[PDB]
Structures are given as structure tokens and as C-alpha cells.
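Residue numbers (the authors' numbering), protein chains in the order written: chain A, 1 to 133, 141 to 219; chain B, 3 to 216; chain C, 334 to 527.
Positions of the beta carbon are idealized from the N, C-alpha and C atoms, including for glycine.
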Amino acid sequence: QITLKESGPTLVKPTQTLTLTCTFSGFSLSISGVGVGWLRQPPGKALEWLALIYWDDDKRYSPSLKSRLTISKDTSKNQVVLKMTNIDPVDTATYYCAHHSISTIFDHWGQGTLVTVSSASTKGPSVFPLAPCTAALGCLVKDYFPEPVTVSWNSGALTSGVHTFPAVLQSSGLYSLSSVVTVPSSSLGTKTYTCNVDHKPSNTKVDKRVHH
Amino acid sequence: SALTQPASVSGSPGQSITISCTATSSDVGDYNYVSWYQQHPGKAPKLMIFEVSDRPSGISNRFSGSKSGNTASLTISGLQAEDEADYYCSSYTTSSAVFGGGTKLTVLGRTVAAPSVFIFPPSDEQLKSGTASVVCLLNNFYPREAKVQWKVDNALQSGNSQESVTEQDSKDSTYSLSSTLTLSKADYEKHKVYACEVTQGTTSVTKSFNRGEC
Amino acid sequence: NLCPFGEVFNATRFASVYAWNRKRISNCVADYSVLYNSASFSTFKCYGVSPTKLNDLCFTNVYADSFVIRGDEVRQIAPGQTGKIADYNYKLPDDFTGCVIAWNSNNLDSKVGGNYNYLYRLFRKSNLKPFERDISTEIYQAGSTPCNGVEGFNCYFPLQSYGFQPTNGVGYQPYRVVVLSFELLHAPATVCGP
Ligand SMILES: *[C@@H]1O[C@H](CO)[C@@H](O)[C@H](O)[C@H]1NC(C)=O
Numbered sequence: 001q002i003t004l005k006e007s008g009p010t011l012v013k014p015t016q017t018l019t020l021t022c023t024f025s026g027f028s029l030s031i032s033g034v035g036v037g038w039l040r041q042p043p044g045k046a047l048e049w050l051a052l053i054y055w056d057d058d059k060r061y062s063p064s065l066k067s068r069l070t071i072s073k074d075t076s077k078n079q080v081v082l083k084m085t086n087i088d089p090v091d092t093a094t095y096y097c098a099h100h101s102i103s104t105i106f107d108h109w110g111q112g113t114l115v116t117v118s119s120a121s122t123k124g125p126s127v128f129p130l131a132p133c141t142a143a144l145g146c147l148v149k150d151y152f153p154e155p156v157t158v159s160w161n162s163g164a165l166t167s168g169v170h171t172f173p174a175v176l177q178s179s180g181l182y183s184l185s186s187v188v189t190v191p192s193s194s195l196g197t198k199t200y201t202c203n204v205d206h207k208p209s210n211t212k213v214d215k216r217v218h219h
Numbered sequence: 003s004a005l006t007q008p009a010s011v012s013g014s015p016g017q018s019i020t021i022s023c024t025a026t027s028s029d030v031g032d033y034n035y036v037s038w039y040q041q042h043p044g045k046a047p048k049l050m051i052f053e054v055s056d057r058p059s060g061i062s063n064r065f066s067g068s069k070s071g072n073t074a075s076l077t078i079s080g081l082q083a084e085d086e087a088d089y090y091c092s093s094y095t096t097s098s099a100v101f102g103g104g105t106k107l108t109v110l111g112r113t114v115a116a117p118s119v120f121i122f123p124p125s126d127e128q129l130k131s132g133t134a135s136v137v138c139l140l141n142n143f144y145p146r147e148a149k150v151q152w153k154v155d156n157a158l159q160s161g162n163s164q165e166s167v168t169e170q171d172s173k174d175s176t177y178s179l180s181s182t183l184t185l186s187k188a189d190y191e192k193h194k195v196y197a198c199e200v201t202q203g204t205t206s207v208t209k210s211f212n213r214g215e216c
Numbered sequence: 334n335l336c337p338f339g340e341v342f343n344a345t346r347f348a349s350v351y352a353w354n355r356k357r358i359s360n361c362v363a364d365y366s367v368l369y370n371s372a373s374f375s376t377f378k379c380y381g382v383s384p385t386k387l388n389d390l391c392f393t394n395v396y397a398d399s400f401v402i403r404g405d406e407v408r409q410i411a412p413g414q415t416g417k418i419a420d421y422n423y424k425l426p427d428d429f430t431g432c433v434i435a436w437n438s439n440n441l442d443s444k445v446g447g448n449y450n451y452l453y454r455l456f457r458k459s460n461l462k463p464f465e466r467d468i469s470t471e472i473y474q475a476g477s478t479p480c481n482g483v484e485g486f487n488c489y490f491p492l493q494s495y496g497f498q499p500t501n502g503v504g505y506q507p508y509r510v511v512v513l514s515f516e517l518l519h520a521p522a523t524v525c526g527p
């Protein structure tokens, strides 16, 4: 069966060069009308084509990224390598490699490899309260690196009505997320609410008491 | 950009839906090679239709393709829950393989639930550090589609917010969403009214606060 | 003994029209039933022979010429035609006995950003004679000044690329062509049908 698999670093710093390899099997990149493409998908964004190489070594690139892209093949090793110079935070995306034919455009895509672009070193989070001016309370867990953080409420005794959003990588190269809990306005004057943020990578624990 | 698709389409089980793909420019030429991809969360795109209307082996006959001028269409008949995914159209320009922006298809599995909306001003503790984060929470709503717009002194904001959504609730199938507006302390102190407008069908709910009053 | 028609029609690489390929087909059973069963071909034109009675005809020799041109140039692969192809690349005689088979090959010969592998002769001092081949790369002296192997004003390279784009209309897409020449000499036949 036609299979393609991406490999490479999961974390790269800006200005550096990202090198990704595609190891394929089930077909030959020598037969006429065959090619292998490199595409990417930034989180929550659309698919975007970067480069393509044909059986005859003819190379095609995205005109807006051509100056930073270099594709190559190694017929013996069954590899197609993409090099991307001067990497930038906007290059954080899942990188895919796929089989190309004119007729299908791209078929048999690989599973993908999420590549994170960040200059950040290990940093524990800052925890800020989320309170209004049935109530909703929470904590903004800002500027930490790397993933992950765990969030709990009242040391694990408060699980009902808790929404801990997934992390987003900000333009700064640091992660951010909020955790919210929906509480009653009647019990918000006797019962107190604390969010417990654990960030094992930096051995930091933050307990933030949130006032209703 | 070169191809335009509706951001979202929805239907109920058993119905037929259509997703369009309009070429914005002459660069597609004859527009003969149009492919459609189905993408489930965290998974790779899957080829459903190629060359406008051809179906790869193994793809259900419920998926069909057609084109009228510069508009290509993917039709899905007998809509099933597993059909809920992102759909992308693809074609060529004289220099590239292009894609549409994607269409999130929703197959309704329950009744509409309107979100409970909350606005949270930045804390004074964060302001000392030079940054202001204003958070808007959309709690327990269905379906996933919701437009969240930030307005600062009634001026619509763009490029300074990020949305984040939880996984579907295992019991009631609802979603929750946070939208975070990021400003510098100086920019935050230039305005008074901070408002988050949430649109779902025929209703828009704006929750707001005045800076200084909290 | 089956004729090697698959070695010509189903070949992996096709020639550029200026350097067109030729295969002599001899001492074999030509089953045109395989070519009549193929819905790939959009052109099947015979001259001096009938396509229906091809499985009955016997020939002293057969020649299969193959190459790639644009779809709108397929009309040039006929006796008595004019154009850059009939004049400078591949010429058929007026007394032609044979068939011309063509089929769209956009799925194989087009590339993203254009395929420039295929060439055609754009300039030449004189028209080619029936079945003449010219693969020379000498600089065309369109003007009076001598080129001396260098490109410049009125000193052009004789070959030009097609640049097949997948965005082109049917007439501008690449077409794979096979030309069958039938030799009927006053000697025993080597190629017969079933
Ligand atoms: C070329 O191969 C296909 C199958 O891949 C077959 O249908 C066709 O008849 C072959 N052509 C000839 C001339 O045998």
C-alpha cells in the first residue's frame, strides 16, 4: 500500500532551519507522472501547499515561500526532504507529506508532524483571576513553556461545571489557557474557590484564590 | 484566497447538503482538476472526490461532485453523524496546488442550546506587568458554530484575539469556548467600553463592562 | 506471434515531436482489437485503409511513430497539412497509407507550474520531407549577422518548450500520438490481423 511518513524535530527556534523527511513505501518515485508533496496546516487554519518534487527531479514551490524552501529526493533511501530556512513563529503547523498525481492533486497523506516554533526557554505560568465586574469564575494561566500544565479546583474536590480550555501558543512563543468553573451566586459568599495550577516542566505549582 | 468555500454548513441525519468552492480568479484556467478532502479532528485529509466528480475506490456513493462555471460542489446525501468533519476543496493555479479555506460541516445530533455569556476584565495584578487580557466565555452551547466579536468603544477589533474550544460534553454534547482579547496596558487604558458580541442564528448577545468601574 | 503494440502505445516515456521515435513492426499478428477496445483515444483517423477491415489486411511492413504535441496540433498529423509541426517536426506524405491515433495525456505530461520537458522545433530554413527527422541544436540565423553558436538579436535557439499546464483547456493539453505506416509491397506480407 502507498504509505508516507514525516519525521523531524518537534521544536525549532526562530531564524533556524527546519529539516523534515518523508519516508515513503508502496510506490516508486521513478515512474512517470508521480510526485511527492509537502504541505502544512497551522492549528485551526486551512491546508497550504509548500513544495513538490517529480519522478524526474523537477521541483515546484509556493511562489510566496520559494526563497526559503528547498526540496530534494533520495531514490535509494525512499526519502523526500524539505528544508525551510529562517523559520518564524507563524511556521508552527502540522507538516504533511503526500503522494502526487495531476489527476488527484494529493492522495495517501501522511499522519503529520506538529512542529512548534518558539524561542522560549522553560518558564512557569502566571495565574490571574477571572472574576466578573449563577456566577462564573476562573483563572487565566498565562505565559508558560513548555506544555503541559494541569488545572484543578479546590484540590480536586470541585470537578462539576469545570471547563479547562486547551493551550494556545501565543505570538510570544509562550502558552496560555483559561480554566473556568460555573458556581451558584447563593453559595459564592460562604464557599471559596481556588485553582491549582501545576507545571511539572519547571517544578512550579500556583494556587490562586478567586474572589466572587 | 484562490478558492472560496462557506466557513460552515449544517444538516440533520438523512438529509442532503452541498458545499461550494468558487474560484476567485482566472488563474485556475479550465478548472478541471477539483479534489475534495474530508478531515476529521487530529487526522490527515482524506480524498473523497477528484477531477470534479470521480470517486476513489472505497468512498461511499453518498459523496458526489459537480461544477457550474467557476463553482465546484460537493454533495453529501443520506447525512450520517460520522460525516461531521472539515471539508476542503483543492485545485490548481498556473503556479500552485491551492485550497479553499475549509468548511466545517455539522450534522445536528440534538437541539440548539444557546450559550451563557460572561465577560471578564483583566485583573489589576496583570496590568502592573504591562499586558491586559480580556476574556469572553461561551458556556454549554450547541452546535459548535458561534461568531464572537470584540468591540472596544464600539470599534470592531481584528487580529488581537484567539479562540479556544473544549471537547464535546460526553453527557449533553455541548461545547464551551473562550475568546481572549490581548492588549498592552497603554492601549487598554485608552478606552472605556469593552464588549464581547456572540452571534448564534437569530440572536446576538453582547456582554460588556466599563473600565474603571471594576 | 502478437505484434508489440503495447510496447508503443503503453510506453512509459514518449518522445518530443522533433526527435520522434520509430518502431519497425514485422513478422507478427497485429490484433487491432486491443486498440479498438481502448476508450482512451480521442482521434483514430485512417488513410488509404479502412479501420473496420484492419483485422483482415496484410502488410509487408508496419512502422509505429510516437511523440507528444498539443491537442490543437493533432490536425497537423495528416497528409497535406501545414503548421510548425507538419512543416518542421513530423511530416506525413500526400500518398499516406496508415492510421493516426491520438489520446489526451494531461494526467501524465502536465505538471504544476508547467511541464517543460517536451520540445518542438520552432525555426528551420526549409520544410521537412515526408518522414524526415531533424534533431540538430544549431542556432537559427534569422538575420544577416552570423551567430557563431551564440544566442542574440535574430539568432534564436531552434527548439521551444511547450510548458504543459494542468489549467489549460482540452485543446492546449498534451496529446500522445502514434502514427501507423502500412507498407504494401509486391512481396510476401509479414504483418497480418486475426
Ligand atoms: C495498456 O494497458 C492497459 C491496462 O493497464 C490495457 O487496457 C491496454 O489494452 C494496454 N494497451 C495495449 C496496446 O495492449
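Comparing the CB of B:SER59 with every heavy atom of ligand 1, is any distance shorter than 7 Å?
As a first step, residue 59 of chain B is located in the second sequence; it is residue number 57 there, counting from the start. The answer is no for B:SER59.
Which residues have a Cβ closer than 7 Å to any heavy atom of ligand 3, listed in chain order?
For the structure depicted, ligand 3 is absent and the ligand set comprises only ligand 1.
May I ask which residues mark the beginning and end of the alpha helix (DSSP H) holding A:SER167?
The residue labelled residue 167 of chain A in the question sits at position 160 within the first sequence. First-last for A:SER167: undefined, no H or E at that position.
Please check the pair B:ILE51 and B:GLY71, which I expect to be a contact at CB under 8 Å, by giving their CB distance rounded to whole angstroms.
The residue labelled residue 51 of chain B in the question sits at position 49 within the second sequence. The residue labelled residue 71 of chain B in the question sits at position 69 within the second sequence. That pair is no contact at about 18 Å.
Can you have a look at B:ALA87 and say buried or exposed, based on whether 16 or more other CB atoms are within 10 angstroms of its CB?
For this step, residue 87 of chain B is matched to residue 85 along the second sequence. With 16 or more other Cβ atoms within 10 Å, it is buried.
Less than 8 Å between the C-beta atoms of B:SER93 and B:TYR39, yes or no?
Here residue 93 of chain B refers to the residue found at position 91 when the second sequence is read from its first residue. Here residue 39 of chain B refers to the residue found at position 37 when the second sequence is read from its first residue. The answer is no: Cβ separation not under 8 Å.
Within 10 Å of its beta-carbon, does C:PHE490 have 16 or more other beta-carbons around it, so buried, or fewer, so exposed?
As a position in the third sequence, residue 490 of chain C is number 157, starting the count at 1. It counts as exposed.
What three-state label does DSSP hand A:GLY112 in the structure shown?
Counting from one through the first sequence, the residue named residue 112 of chain A turns up at place 112. Looking at A:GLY112 - three-state DSSP - the assignment turns out to be coil, as it is neither helix nor strand.
Which runs of the alpha helix (DSSP H) spanning at least 4 residues fall entirely within the stretch 106 to 188 of chain B, listed in chain order?
Whole alpha helix (DSSP H) segments, 4+ residues: 126 to 129.
Within 10 angstroms of its Cβ, does C:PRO384 collect 16 or more other Cβ (buried), or is it exposed?
Residue mapping note: residue 384 of chain C aligns to position 51 of the third sequence, counting from 1. When all chains shown are included, C:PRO384 counts as exposed.
B:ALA9 by DSSP, collapsed to three states: which one?
Against the second sequence, residue 9 of chain B aligns to sequence position 7. B:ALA9: coil per DSSP, three-state reduction.
At the 8 Å Cβ level, is B:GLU84 part of the contact set with chain A, yes or no?
Translated into positions along the second sequence, residue 84 of chain B becomes position 82. No, its Cβ sits nowhere closer than 8 Å to a Cβ of chain A.
Can you name, in chain order, every residue of its own chain whose Cβ lies under 7 Å from the Cβ of residue 139 of chain A, other than the five neighbours on each side?
Chain A lacks coordinates between 133 and 141, the interval that contains residue 139 of chain A.
Nearest-angstrom Cβ-Cβ length linking B:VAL30 and B:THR105, presumed shorter than 8 Å:
For the purposes of this step, residue 30 of chain B is taken as residue 28 along the second sequence, with counting starting at 1. For the purposes of this step, residue 105 of chain B is taken as residue 103 along the second sequence, with counting starting at 1. About 18 Å separates the two Cβ atoms, so there is no contact after all.
One or two residues paired with A:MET84 in a DSSP bridge
On the first sequence, residue 84 of chain A is found 84 positions in, with the first residue counted as 1. Paired residue(s): A:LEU18, A:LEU69.
For chain A, is any of its Cβ atoms less than 8 Å away from the one on B:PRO123?
As a position in the second sequence, residue 123 of chain B is number 121, starting the count at 1. At a cut-off of 8 Å between C-beta atoms, B:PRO123 counts as an interface residue with respect to chain A.
Flag B:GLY214 as yes if its beta-carbon sits less than 8 Å from any beta-carbon of chain C, otherwise no.
Here residue 214 of chain B refers to the residue found at position 212 of the second sequence. Not closer than 8 Å to any Cβ of chain C, the Cβ of B:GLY214 fails to qualify, so no.
Uninterrupted beta strand (DSSP E) stretches inside the stretch 379 to 440 of chain C (no shorter than 3 residues)
394 to 403, 431 to 437
What does a CB cutoff of less than 7 Å around B:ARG64 pick up in its chain, not counting 5 residues either side in sequence?
Within the second sequence, the letter at position 62 stands for residue 64 of chain B. Closer than 7 Å at Cβ, skipping near neighbours: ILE78, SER79, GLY80.
Strand pairing of A:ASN210, partner residues [DSSP]:
To locate residue 210 of chain A, count along the first sequence from 1; it is residue 203. Its beta-bridge partners do not exist; DSSP assigns none.
Option nearest A:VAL90 by Cα separation, candidates A:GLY163, A:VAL117, A:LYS73, A:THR75
Numbered from 1 along the first sequence, position 90 holds the residue referred to as residue 90 of chain A. Ranking A:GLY163, A:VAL117, A:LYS73, A:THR75 by Cα distance to A:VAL90 puts A:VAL117 first.
Let's see if you can read the secondary structure: which residues bound the beta strand (DSSP E) around C:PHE342?
Stepping through the third sequence from its first residue, residue 342 of chain C is reached at position 9. Not the beta strand (DSSP E): C:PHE342 falls in the alpha helix (DSSP H), residues 339 to 342.
Let's test the definition: count the other Cβ atoms within 10 Å of the Cβ of A:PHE172 and tell me whether it reaches 16, buried, or not, exposed.
On the first sequence, position 165 is the one that residue 172 of chain A refers to. Its Cβ being crowded by 16 or more others within 10 Å, A:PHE172 is buried.
For the stretch 21 to 63 of chain A, which segments carrying the beta strand (DSSP E) assignment without a break, of at least 3 residues, lie completely within its bounds, in sequence order?
You should have 35 to 41, 48 to 54, 59 to 61.
List the residues of chain C that A:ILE102 touches, going by C-beta distances under 7 Å, in chain order.
Taking the first sequence and counting its residues from 1, the one referred to as residue 102 of chain A is at position 102. Result: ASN439, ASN440, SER443, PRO499.
I'd like to know whether the C-beta of C:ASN422 is nearer than 8 Å to at least one C-beta of chain A.
In the third sequence, the residue the question calls residue 422 of chain C occupies position 89. C:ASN422 does not count as touching chain A.
Whole angstroms are fine: how far does the CA of C:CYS432 sit from the CA of C:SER399?
In the third sequence, counting from the first residue as 1, residue 399 of chain C sits at position 66. In the third sequence, counting from the first residue as 1, residue 432 of chain C sits at position 99. Taking the straight line joining both Cα atoms gives about 12 Å.
Minimum Cβ-Cβ distance from C:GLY502 to chain B less than 8 Å:
As a working note, residue 502 of chain C is residue 169 in the third sequence. It does; some Cβ of chain B falls within 8 Å.
Assigned exposure category for C:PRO499 - 16 Cβ within 10 Å defines buried
Position 166 of the third sequence, counted from the first residue, corresponds to residue 499 of chain C. Its Cβ being crowded by 16 or more others within 10 Å, C:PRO499 is buried.
Member of C:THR345, C:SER375, C:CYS336 whose CA lies at the smallest distance from the CA of C:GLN506
As a first step, residue 506 of chain C must be located in the third sequence, where it is residue number 173. Closest option to C:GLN506, Cα to Cα, is C:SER375.
Show which residues of chain B have a CB atom less than 9 Å away from the CB atom of A:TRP49.
Stepping through the first sequence from its first residue, residue 49 of chain A is reached at position 49. Result: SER92, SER98, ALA99, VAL100, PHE101.
Report the neighbours of B:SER180 on chain A: residues whose CB is nearer than 7 Å to its CB, in chain order.
Start at 1 with the first residue of the second sequence, and residue 180 of chain B comes out as number 178. Per Cβ cutoff of 7 Å: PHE172, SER185.
8 Å contact criterion, which A:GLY110 and B:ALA46 should meet: CB distance rounded:
Start at 1 with the first residue of the first sequence, and residue 110 of chain A comes out as number 110. Start at 1 with the first residue of the second sequence, and residue 46 of chain B comes out as number 44. Correct: roughly 7 Å between the Cβ atoms.
For A:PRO89, the three-state DSSP class (helix, strand or coil)
As a working note, residue 89 of chain A is residue 89 in the first sequence. A:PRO89: helix per DSSP, three-state reduction.
Who are the Cβ neighbours of B:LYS194 in its own chain at under 8 Å, not counting the five residues just before and after it?
As a first step, residue 194 of chain B must be located in the second sequence, where it is residue number 192. Here the set comprises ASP155, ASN212, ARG213, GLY214.
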